[PDB]
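Read through the structure below, which is laid out as structure tokens, and then see the notes.
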Amino acid sequence: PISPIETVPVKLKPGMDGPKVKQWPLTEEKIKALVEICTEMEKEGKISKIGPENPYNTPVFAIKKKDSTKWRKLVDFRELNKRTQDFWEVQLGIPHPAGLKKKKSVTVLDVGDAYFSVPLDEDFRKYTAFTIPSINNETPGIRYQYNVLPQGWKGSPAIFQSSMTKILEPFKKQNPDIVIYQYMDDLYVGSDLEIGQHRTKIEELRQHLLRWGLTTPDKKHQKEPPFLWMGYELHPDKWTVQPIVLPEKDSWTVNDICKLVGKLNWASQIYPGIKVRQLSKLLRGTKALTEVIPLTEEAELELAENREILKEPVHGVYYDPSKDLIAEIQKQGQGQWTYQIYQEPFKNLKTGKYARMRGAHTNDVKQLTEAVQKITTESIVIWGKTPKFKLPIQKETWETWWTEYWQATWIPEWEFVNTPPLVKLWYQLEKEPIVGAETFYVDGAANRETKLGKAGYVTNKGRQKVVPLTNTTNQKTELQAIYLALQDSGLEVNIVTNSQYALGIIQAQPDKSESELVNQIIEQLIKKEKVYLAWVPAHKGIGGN
Amino acid sequence: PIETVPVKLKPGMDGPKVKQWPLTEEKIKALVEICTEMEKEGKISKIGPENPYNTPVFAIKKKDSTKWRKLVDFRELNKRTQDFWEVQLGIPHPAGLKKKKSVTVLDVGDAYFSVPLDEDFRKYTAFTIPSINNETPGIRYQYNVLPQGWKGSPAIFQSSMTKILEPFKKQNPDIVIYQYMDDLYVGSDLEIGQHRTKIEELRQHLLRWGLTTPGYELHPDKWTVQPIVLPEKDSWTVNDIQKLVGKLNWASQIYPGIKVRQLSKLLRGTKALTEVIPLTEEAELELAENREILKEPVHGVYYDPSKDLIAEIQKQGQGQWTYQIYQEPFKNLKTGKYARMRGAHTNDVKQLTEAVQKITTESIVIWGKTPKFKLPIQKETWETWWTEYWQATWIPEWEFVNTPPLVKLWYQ
RNA sequence: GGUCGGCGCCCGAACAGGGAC
DNA sequence: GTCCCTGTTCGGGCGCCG
Ligand SMILES: Nc1ncnc2c1ncn2[C@H]1C[C@H](O)[C@@H](COP(=O)(O)OP(=O)(O)OP(=O)(O)O)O1
Ligand SMILES: [Mg+2]
Ligand SMILES: [Mg+2]
């Protein structure tokens with residue numbers, strides 16, 4: 001029936017009252033389904049007929065379970081949610097199959113009518129009031145309150161998950177070496193007993209769950225692989241993602257694109273080399289989820305590539321804690337990175353991508369460091385340890401970067417893997433001035449009001465330039481002055497400036513900018529043999545600053 | 001039998017609601033073992049999701065320990081309990097500690113589990129053990145006794161601690177003892193032998209008084225001072241003088257009497273950076289007066305007991321790290337430099353973590369406060385790695401900066 | 001057509017701090 | 001007061017799980 005587990009004292013936010021909302025008018029089919037349901041639960045212990053001394057009401061509806069005929073009765077408890085106390089969620093993330101160890105025997109149970117088997121706080125029941133029309137117009141309709149966790153009420157998930165832990169604990173304690181992956185009401189149960197002992201242990205556990213009001217219907221995957229679980233198929237020595245079906249469109253709405261990008265993202269956990277930059281690039285200046293947007297040629301190419309990636313078949317393996325984790329990263333271009341985590345070669349635990357872009361200006365070294373950071377944290381969640389890295393950057397490159405950078409930066413144990421394109425720094429600033437090279441004192445400034453500015457330089461050899469700029473800023477004119485000295489100098493050059501801003505952008509050796517100007521500067525820096533940059537204060541009459 | 005000190009957060013503030021971060025397997029194993037034992041002793045107990053509060057939990061090994069030690073990050077709870085532990089039940093900081101020749105740090109956190117925690121306050125001390133691969137929902141506990149890591153616990157235990165140390169103090173009245181968080185700072189001017197001996201005695205005294213202990217020997221006198229220094233050259237290039245003038249121009253915000261007029265003159269044309277230019281007699285004079293000013297202390301610079309401390313750190317390269325501690329801009333209470341710490345020449349994060357602990361430990365001794373750090377590191381980088389290197393039972397506050405060195409101010 | 005909790009990815013807007021005119 | 005760097009912190013959308 002209903003669990004004997006003690007109830008969870010729940011309250012409302014101080015100075016707030018229960019909900020007062022009238023039913024969504026709904027389809028007759030829905031009404032019939034709900035009528036069946038409410039009668040059932042009435043009979044069972046789950047629902048109770050309320051009198052007229054119940055002032056509150058909140059709308060209900062129903063959905064279908066997937067590949068099913070049964071209805072899930074939901075309650076739009078939004079308003080009530082606004083007015084319920086906050087909870088601390090105990091669900092901290094999602095189990096992943098690449099994190100499972102190899103077990104000799106495996107079972108996957110599911111709990112029948114999970115929520116409705118858990119008693120609600122007596123004193124709180126009053127607010128879960130809902131009405132159901134017998135017919136849409138014909139009769140007033142019977143109305144009720146819940147005695148058990150509703151479905152749509154913001155406290156239900158954590159209360160269920162915590163109650164499930166509470167129930168499982170005596171059994172788990174009695175059975176130290178039975179692994180139980182508990183996610184909401186899915187129980188993946190794994191052991192190293194022979195199939196007989198294991199089946200016995202399973203029966204024990206189902207009995208136990210029964211003693212606490214919890215039923216395991218015979219939608220239990222008996223130890224017959226493959227087991228369907230958390231969106232995956234679990235074979236004895238491999239797992240795969242359940243079939244992913246990409247959107248196909250003649251004409252693409254922003255809704256379609258969001259759906260496609262989401263689906264590719266899910267896919268990228270085990271399909272190597274999936275990119276989304278170009279498809280994602282079309283969702284920048286978008287307003288309507290209905291708004292249609294033309295596929296760029298480049299986006300088109302990206303989609304073709306992903307679509308044929310999703311053709312050649314893949315599977316991940318399980319985790320062997322007696323072998324090292326390895327994480328291997330390749331560079332894709334345009335700030336896109338992918339990676340595979342494996343233990344034996346060619347046998348991925350899982351794969352993944354990193355494409356995020358942070359800051360206006362950046363370089364490949366920084367982005368690789370970020371991809372390492374992301375993978376590290378993911379690995380800690382999944383396996384609780386940091387994998388050894390294989391990275392497409394020369395040990396010397398990395399040493400030059402981290403030892404000269406003014407920010408603290410680090411990468412854990414890694415080795416060079418010679419898989420092009422290699423990550424490199426594209427240019428290097430001198431630490432000392434260059435003898436025999438022309439010195440440029442550069443300078444730019446603009447008008448805050450009129451947005452007109454000037455950028456130019458004067459040279460120890462008499463070279464001079466001034467350039468008028470239209471619709472600009474101080475910062476812009478400052479990058480412009482530097483850029484003109486780069487444009488007009490030989491292969492070696494010293495450049496003096498008072499822009500801390502421009503100097504602070506350039507000394508971080510970026511190879512990538514949101515800003516065209518900065519990118520042009522970068523192109524110029526790459527063509528030089530030797531560039532020395534220096535700062536001097538303004539308003540003190542240093543040269544032509 | 002023991003009476004619990006009522007505790008109320010500062011008016012107009014909620015309890016902490018901070019998300020638990022991912023833990024390595026060895027840290028989760030240690031924590032699971034520790035909390036199991038602690039619940040068996042009543043020190044903590046399970047709570048549900050209807051307690052809306054949370055504080056991150058993790059685990060560390062102290063320097064040379066091999067013994068995992070539970071650490072709760074009560075920073076949020078501490079700055080919400082502030083007038084409770086700083087004002088109502090503040091612990092006095094002894095000006096003499098910092099003057100002592102030798103100062104030893106002893107761990108006494110365990111003691112605090114002797115004392116019940118105010119029933120109404122327990123809910124605020126909630127934490128959640130996480131699990132590898134999210135095999136389970138997190139397991140939530142709260143504290144029944146005074147927790148390690150909360151500034152309230154030394155506050156409340158203060159009475160018992162003074163009562164306990166009373167004899168030893170009576171015998172050795174020359175010795176300063178300071179209680180900060182889970183630590184006891186024991187300073188004296190004895191020569192080392194008799195110092196360490198006395199520490200051993202105190203360890204025994206504490207041992208019999210029902211309180212255990214898991215070298216840690218400071219010498220505040222040798223806490224170096226890192227000033228601003230100008231270069232010395234027989235020949236000066238245009239570039240050298242530009243460097244010299246930017247440095248002096250930065251310096252002037254701290255020392256008002258500094259001037260660059262004569263030196264600036266030398267840079268009037270637009271000469272080649274590499275060109276040597278004779279120092280003008282006036283310029284030499286200005287320069288010498290400036291070395292003189294930089295030799296002297298800043299004027300009117302005093303610790304304000306009502307303001308917080310701030311620490312900035314600069315990465316100088318080659319394992320070298322400079323820092324300043326101030327309450328107001330350009331009014332440095334202290335400057336310094338570390339070199340050759342664990343991780344030198346291979347790991348910036350480990351070095352910086354060490355720097356942060358050294359500096360915090362120094363501030364505790366000198367002022368009885370822990371500074372808020374400005375850290376030269378991207379946030380993600382720090383957050384990913386700092387708990388792997390943390391060896392202390394407190395955690396300072398911090399924020400992130402990215403300040404390209406245009407002038408080499410604190411290192412030559 | 002419509003509810004909840006978690007985790008992923010992306011977009012946005014505010015707010016705090018800090019520099020530079 | 002604009003312009004332009006660190007960081008919060010809340011909102012939205014899609015995917016996936018229950
Ligand atoms: N779309 C949803 N909205 C709110 N709660 C949900 C939703 N889907 C699932 N849940 C919650 C309520 C369920 O009791 C619990 C378990 O999920 P589920 O196994 O899918 O249904 P169920 O246990 O209630 O019935 P069944 O026996 O068919 O599995 O998760
Ligand atoms: Mg179910
Ligand atoms: Mg289920």
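Quick note on labels: first sequence line is chain A, next is B, and so on, each numbered from 1.
Among residues at least two apart or in separate chains, salt bridge (charged side-chain N to carboxylate O under 4.0 Å, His left out) pairs with a member in residues 80-100 of chain A are A:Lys13-A:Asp86, A:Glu79-A:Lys82, A:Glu79-A:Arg83, A:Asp86-B:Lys17.
In this structure, the nucleotide among D:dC14, D:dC3, C:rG2 sitting nearest to the side chain of A:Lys451 is D:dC3. Closest approach to the A:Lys263 side chain among C:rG2, D:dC16, D:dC17 is made by D:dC16 (side chain taken as heavy atoms from C-beta onward). Relative to the side chain of A:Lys154, the nucleotides C:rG6, D:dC14, C:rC4 differ in distance, and C:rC4 lies closest. The listed nucleotides are C:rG6, C:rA20, C:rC21; the one nearest the side chain of A:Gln500 is C:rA20. Closest to the B:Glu399 side chain, of the nucleotides C:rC21, C:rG17, C:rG2, is C:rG17. Listed nucleotides C:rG2, D:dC16, C:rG19 differ in distance to A:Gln475; the shortest reach to its side chain belongs to C:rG19.
Applying the side-chain hydrogen bond (donor to acceptor under 3.5 Å, both in side chains) test to A:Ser156 and every residue at least two apart in sequence or in another chain returns nothing. For B:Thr381, the side-chain hydrogen bond (donor to acceptor under 3.5 Å, both in side chains) partners at least two apart in sequence or on another chain are A:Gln373. In terms of the side-chain hydrogen bond (donor to acceptor under 3.5 Å, both in side chains) criterion, residue partners of A:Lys512 (sequence neighbours excluded) are, by chain and number, A:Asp364. Taking the side-chain hydrogen bond (donor to acceptor under 3.5 Å, both in side chains) definition, one finds that A:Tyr146 meets it with A:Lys73, sequence neighbours left out. Residues satisfying the ring-ring contact (aromatic ring centres under 6.0 Å, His included) criterion with B:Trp250, sequence neighbours excluded, are A:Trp535.
Residue contacts for A:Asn81: at a heavy-atom cut-off of 4.0 Å it reaches the sugar-phosphate backbone alone, with no base atom in range. Heavy atoms of A:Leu92 sit under 4.0 angstrom from primed sugar atoms or phosphate atoms, though from no base atom. When heavy atoms are screened at a 4.0 angstrom cut-off, A:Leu74 is found touching base atoms of the nucleic acid.
Taking 4.5 Å as the limit, some side-chain heavy atom of B:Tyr326 sits within range of a side-chain heavy atom of B:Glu312.
Residue A:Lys73 places none of its side-chain N or O atoms closer than 4.0 Å to OP1 or OP2 of C:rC4. In this structure, A:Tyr501 does not reach the D:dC3 phosphate: none of its side-chain N or O atoms is under 4.0 Å from OP1 or OP2. Contact between the side-chain N/O atoms of A:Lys476 and the OP1/OP2 oxygens of D:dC4 is found at a separation under 4.0 Å. Within the 4.0 Å cut-off from OP1 or OP2 of C:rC7, not a single side-chain nitrogen or oxygen of A:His96 is found.
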Are there any protein N/O atoms within less than 3.5 Å of an N/O atom in nucleotides 7-9 of chain D, and if so, which ones and at what distance?
{"from": "D:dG7", "atom 1": "OP1", "to": "B:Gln378", "atom 2": "OE1", "distance (Å)": "3.3"}
{"from": "D:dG7", "atom 1": "OP1", "to": "B:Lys379", "atom 2": "N", "distance (Å)": "2.8"}
{"from": "D:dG7", "atom 1": "OP2", "to": "B:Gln378", "atom 2": "OE1", "distance (Å)": "3.3"}
{"from": "D:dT8", "atom 1": "OP1", "to": "B:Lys379", "atom 2": "NZ", "distance (Å)": "3.1"}
{"from": "D:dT8", "atom 1": "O5'", "to": "B:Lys379", "atom 2": "NZ", "distance (Å)": "3.3"}

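Rounded to whole Å, the separation between the P atoms of D:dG15 and C:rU3 comes to 14 Å.
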Output one letter per nucleotide in nucleotides 8-13 of chain C: B when a protein non-hydrogen atom lies under 4.0 Å from the base, S when only the sugar-phosphate is that close, - when neither is. SSS---
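Computed from coordinates, the A:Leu503 CG to C:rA20 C1' distance equals 13 Å when rounded to whole Å.
In this structure, C:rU3 makes no Watson-Crick or G-U wobble pair, since no nucleotide meets both defining distances under 3.5 angstrom.
Judged purely by atom type and a 3.5 angstrom limit, A:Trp252 uses its side chain to pair as donor or acceptor with the backbone of A:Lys249.
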Under 3.5 Å donor-acceptor pairs involving side-chain atoms of residues 21-29 of chain A, not counting sequence neighbours:
{"from": "A:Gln23", "atom 1": "OE1", "to": "A:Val60", "atom 2": "N", "distance (Å)": "2.8"}
{"from": "A:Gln23", "atom 1": "NE2", "to": "A:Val60", "atom 2": "O", "distance (Å)": "3.4"}

